[PDB]
Amino acid sequence: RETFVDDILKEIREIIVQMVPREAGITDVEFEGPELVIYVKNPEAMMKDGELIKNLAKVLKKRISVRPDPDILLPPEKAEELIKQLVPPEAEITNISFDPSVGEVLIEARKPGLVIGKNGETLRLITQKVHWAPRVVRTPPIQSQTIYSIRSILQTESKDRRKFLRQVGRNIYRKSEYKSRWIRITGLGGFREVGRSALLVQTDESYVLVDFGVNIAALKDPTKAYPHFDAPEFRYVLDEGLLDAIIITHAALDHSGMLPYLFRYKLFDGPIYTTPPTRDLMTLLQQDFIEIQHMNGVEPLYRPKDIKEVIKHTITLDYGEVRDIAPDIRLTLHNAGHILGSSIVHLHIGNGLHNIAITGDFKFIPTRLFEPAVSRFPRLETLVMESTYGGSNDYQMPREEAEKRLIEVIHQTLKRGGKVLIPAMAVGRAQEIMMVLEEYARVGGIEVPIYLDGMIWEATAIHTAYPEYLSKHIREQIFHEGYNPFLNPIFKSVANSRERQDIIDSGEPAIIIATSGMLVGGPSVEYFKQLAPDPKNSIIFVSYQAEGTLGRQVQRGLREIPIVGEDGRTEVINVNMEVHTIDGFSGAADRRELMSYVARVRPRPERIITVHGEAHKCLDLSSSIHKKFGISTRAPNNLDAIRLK
Amino acid sequence: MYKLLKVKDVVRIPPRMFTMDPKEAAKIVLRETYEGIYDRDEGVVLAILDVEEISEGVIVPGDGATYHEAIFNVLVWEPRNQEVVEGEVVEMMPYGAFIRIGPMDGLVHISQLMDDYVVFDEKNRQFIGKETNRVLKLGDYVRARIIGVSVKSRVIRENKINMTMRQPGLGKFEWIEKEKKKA
Amino acid sequence: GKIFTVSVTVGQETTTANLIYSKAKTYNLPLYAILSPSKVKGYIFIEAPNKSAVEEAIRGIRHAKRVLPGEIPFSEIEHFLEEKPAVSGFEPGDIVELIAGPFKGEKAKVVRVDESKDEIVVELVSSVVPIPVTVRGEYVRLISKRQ
Amino acid sequence: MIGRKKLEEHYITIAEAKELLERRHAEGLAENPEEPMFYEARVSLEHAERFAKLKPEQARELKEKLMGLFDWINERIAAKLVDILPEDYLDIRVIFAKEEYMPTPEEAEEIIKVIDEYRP
Amino acid sequence: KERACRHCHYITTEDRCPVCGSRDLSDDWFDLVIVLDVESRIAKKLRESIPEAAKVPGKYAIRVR
DNA sequence: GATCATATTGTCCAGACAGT
DNA sequence: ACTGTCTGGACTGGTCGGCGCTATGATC
RNA sequence: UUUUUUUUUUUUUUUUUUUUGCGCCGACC
Ligand SMILES: [Zn+2]
Ligand SMILES: [Zn+2]
């Protein structure tokens, strides 16, 4: 297609040289994804204060990234020494990396606030005295394998990443601010159903795909496990390569499971806009899904190299940051409160033409982990909302008495010397349970160790890596105070099977948080097998148990369960332990929460689309909203296109 | 189908059982070997009854144990195609009902229980009919005919059994008596 | 004259043909014509009255190995000179292999064939869901022919 | 394939299996561990006890009179008839339809009239 | 780079076409044909296929794309 | 200045074999 | 049927330690 | 003033525990 990126770049350069003083020495101006990069020979005059950069960003309506000229670059050892001397010793810098190709130094520090500065003046001071553009990322207190691998992949593929970013920036700004003639919303999946979500945003200029996911419940049937690839609009977009970007709401298999499949068969080549916690958690979940599919004997959906390609094609966006991802579409992300890095996708199509907010999975009540979902937007016309708990009789129990019952059950179990086994998801409810247990044990209620097995430790490390995405209480504790709730010594990690055997054989009371809520794999099955005959122990279920799983069999009240032994003979598990079920820790919004979010959203949307739930639940939610507030509501099926404007 | 077979086999008896009775040691070894697995030719191996005859030991190089030719009786249960069985429902599932007919549990599909559009009731784990208004619950005398046998693996639990109840004469004992009342 | 074969290094037939042509022009070799099809790898066709002229022309070049001791009938290389589309000769329903493109080393089934745009639509056989893709005709290679 | 070779095989009814499983349960109880047998043997014993329609001696005598009654039947379907214990024509018809023979109603009535005795 | 004419199928290194003076040249072509004698057999075969080819000895292309 | 296809085709003893 | 000729093959076991050797030319 | 088309209900989770080879040279018994 025809592009006018060169004319836009020339106009931007003319505006810059009109505004920026001549002593700066501007050499090259280019686009790197959704941000503008300016190369100068005198960084001292360019950024003596933040007012000039702020004025340039306000005038150009772009994210300005000032970088020094590659010709004026200090030696890496002298640059490292100068950076270490300039940064205060309170901020413990761990790793410093340099990019010879483009002026940029990556600084890994335990306290990025001191490296950045009170108002960013420390970054300007560093890039002035050292002539190296600084990029600061947080070193987690708990080491994370996924984050280290992602950072190593990004650093080792700098040339490919820069080429991809330049191509994305050229494609995004192919033309200036364009008013779309029409806006179309089509659902390739997740409409009147749970899982395999897929939302396509179509205009006359650009196309946007939102939370491309997969279905695990119907994995046996290919017609229901994956989004509708037979849609004529999706086929036209993929065949012609017109997909501008893909945005993932949050890191779950029903929202990001099908992402590596596109890169496996080279069906996509553009960028992916997720928050860094969402990217890390979705990479971990995709790797676990691939490993599980491999272990089950079925053909894996994709390969780890496809996940690496997804990592290489991912652009990280923070909360509240407005970026241009299309000639007519502006994308910003807001907190959702469901899981770590969960974002509500807000799309600003045109210059005030229309606004779409896709909430996805979200929570509107305050929690121990994350702040409630953002209900305030600069402009809102169409709202897309989940309907997982959209039924009239769907009313989840409040959090405080559920956690009180959990605490009292755990205390009763530990009073008699038993062991508490809590099967849980890899992300979500497990971290909330750990936070509740840490709060209870901080007053001296319990002294027994808490053991995390499987992906719980990795998810905890990822949570520690991004404390700004957590709730206000945890943020205040970590930043204002010196206390980190996740760094409690009670939380212990078991390395191998020998440590698990020692934990099981030990007579001292302990709390074990496994990584399989249904007891279908992982260390949860072994823990249940080795702790079931003991009557002093107890098992607490914090999630719904699907039919046909071992966890549902234990929850229903089966005293004995026949299983296949190691030698090939049937084995009988005597479940003499206590069984408890507390389903009050669900991260999904309640029906009352959904109604409150509809009532308290500002501004009031013109129409509301109910998706991500069962068909009768979605219809009930839409009818209730229409009857209570008078807003027009629709619950379309799959392959349904709605013309918003 | 319960079966009784007389099997002649070579039994390896370790030196730790040298002081015991040869017949008792052979029976213990045979119980450790054959009991608890599925045989492709004979079906589920239930138990080893007794050892009839035992021969003198033979010592082979590389092993100190003695090998004896033993004759023993085996009780086995084998499911065959198109075989009518009588059992009791022990497990209820949304996709079907599991009936205990012996060492293995068969599966009857939701369309297969009766000539009616039966739906599952989750609250009580029962099947409720639409026109016949018949209810199936725990501990019910039922009769079905096997239509599917899987011998893919030697593990009893991994093997699957599928039975039918569409045909006349297959169902609950009360239902059978109701059918016989008309005739 | 007579068609002769010269064995050259694979992937560098055009440069060897150009060097032979330049040498023949400069030194007045009795060479009639040189044909170097792109589909044929490592071999070029030189038209000369006798094989001695070909041997004298190709010597002194590191990349010209030897001349095949035989004469090719013109009917064998007649089809090379004719211009035909790469899409033509392909029917839907068979299995093809994609030599080049983003789908290198992948087997696919032909779905739609159009000779107007010189493009062929294929469906990957290893994909769990059918996703038709448009690829150039010359990029594919016919593995089997069924329907 | 159990063992090296099979000498003889016999089809037994539910009651004989119940007696054998009771003997094996007694033998396992005589053993030091509290578990007499595995899950499948215990389940089979429970099913045979809950479906103990006739005594083992009654099952054997019914089997031998069934063998001496008609010639086209074999041991397997004789044991099947002993276990089922039919009382009318529909059940014997639906269990003989899939067999190799389709007996006329007179011999089915004769079978009913001989197996009517010593029944619960 | 070397580009071939769409009319006479002639490969030239300059914008001007020394055969027909065409301004539309294609940078993608395969099966390079070198013609040294006009009366060559392959030149005659190319003449009946493409009328404008083999008029002047030199480089030639079988197809233009 | 970085990468990519291609990279060549020692005497003596015994058994089998043309020659006369 | 003899007689000189062509061709294939195997070349005593073990042990000690050292000393090299395992890409290159042509675009982009 | 006019021919030759048909029509309807039963398969569940958003996921899991240690340099090979090649050849050369010297040497011991
Ligand atoms: Zn979801
Ligand atoms: Zn021309």
Side-chain angles (χ1 to χ4, degrees), chain A residues 101 159 189-190 193-197 211 213-221 224-225 250-258 282 284-296 301 338-339 361 388 423-428 430 452-459 494-501 503-504 512 514-530 543-552 587-588 612, chain B residues 93-96 107-114 116-120 122 127 130 162, chain C residues 7-12 15 41-42 62-63 65-66:
Chain A
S101 91
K159 287 199 41 122
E193 79 182 300
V194 191
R196 61 132 167 188
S197 312
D211 47 69
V214 86
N215 201 355
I216 315 276
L219 249 175
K220 298 252 153 302
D221 191 21
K224 306 183 209 180
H250 73 279
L253 288 190
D254 52 316
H255 293 248
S256 67
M258 216 68 196
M282 99 183 147
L284 175 75
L285 286 184
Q286 280 152 3
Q287 262 164 14
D288 173 60
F289 166 57
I290 267 343
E291 246 297 330
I292 272 154
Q293 261 195 331
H294 160 75
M295 265 330 261
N296 271 358
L301 213 45
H338 183 61
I339 53 160
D361 274 300
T388 312
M425 265 321 127
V427 294
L452 320 172
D453 215 330
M455 314 228 279
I456 316 291
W457 196 251
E458 190 69 35
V494 24
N496 30 46
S497 69
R498 264 256 48 82
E499 197 157 342
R500 174 171 329 124
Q501 196 62 55
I503 286 156
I504 284 161
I512 303 137
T515 176
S516 289
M518 325 271 201
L519 300 155
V520 290
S524 216
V525 197
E526 208 52 64
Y527 273 120
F528 168 67
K529 282 174 187 170
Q530 295 215 47
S543 152
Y544 154 95
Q545 312 287 303
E547 293 291 325
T549 59
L550 181 50
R552 183 53 172 165
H612 196 261
Chain B
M93 289 267 128
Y95 59 101
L107 184 285
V108 186
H109 205 21
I110 189 61
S111 41
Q112 225 47 28
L113 295 88
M114 65 218 320
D116 203 328
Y117 218 83
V118 47
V119 312
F120 192 35
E122 218 310 317
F127 302 103
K130 212 200 279 153
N162 302 315
Chain C
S7 167
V8 294
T9 304
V10 193
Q12 146 189 78
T15 88
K41 309 297 189 351
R62 191 185 224 83
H63 283 342
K65 283 128 77 143
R66 88 225 173 71

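Sequence lines set the chain letters: A, B, ... in the order given, protein chains first and strands last, and positions in each chain run from 1. FYI, side chains are in, hydrogens and waters are out, and symmetry mates aren't considered; it's all heavy atoms of this structure.
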NA contact type, [X], heavy-atom cut-off 4.0 Å: base, sugar-phosphate, or nothing?
{"X": "B:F120", "answer": "nothing"}
{"X": "A:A218", "answer": "nothing"}
{"X": "B:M93", "answer": "nothing"}
{"X": "A:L519", "answer": "nothing"}
{"X": "A:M425", "answer": "sugar-phosphate"}
{"X": "A:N215", "answer": "base"}
{"X": "B:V118", "answer": "base"}

State the dot-bracket string of DNA chain G. Criteria: Watson-Crick or G-U wobble, both atom distances under 3.5 angstrom; notation: ( ) intrastrand, [ ] crossing earlier pairs, | interstrand, . unpaired. |||||||||.|..|.|.|.||.||||||
To the nearest angstrom, how far is C:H63 atom NE2 from F:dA5 atom P?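 The answer, rounded to whole Å, is 16 Å.
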Contact boundaries on RNA chain H for chain A, cut-off under 4.0 Å to non-hydrogen atoms: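 With heavy atoms of chain A under 4.0 Å away, the range is H:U12 to H:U17.
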Work out the sugar pucker of F:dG15 as north or south, treating a positive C1'-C2'-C3'-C4' as north.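 F:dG15 falls in the south pucker range.
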Write down the distance separating the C1' atoms in F:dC4 and G:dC16, rounded off to the nearest Å.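 After rounding to an integer number of Å, I get 47 Å for this pair.
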Residue closer to the 5' end of RNA chain H, B:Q112 versus A:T515 (nearest nucleotide):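 In this pair, the answer is B:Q112.
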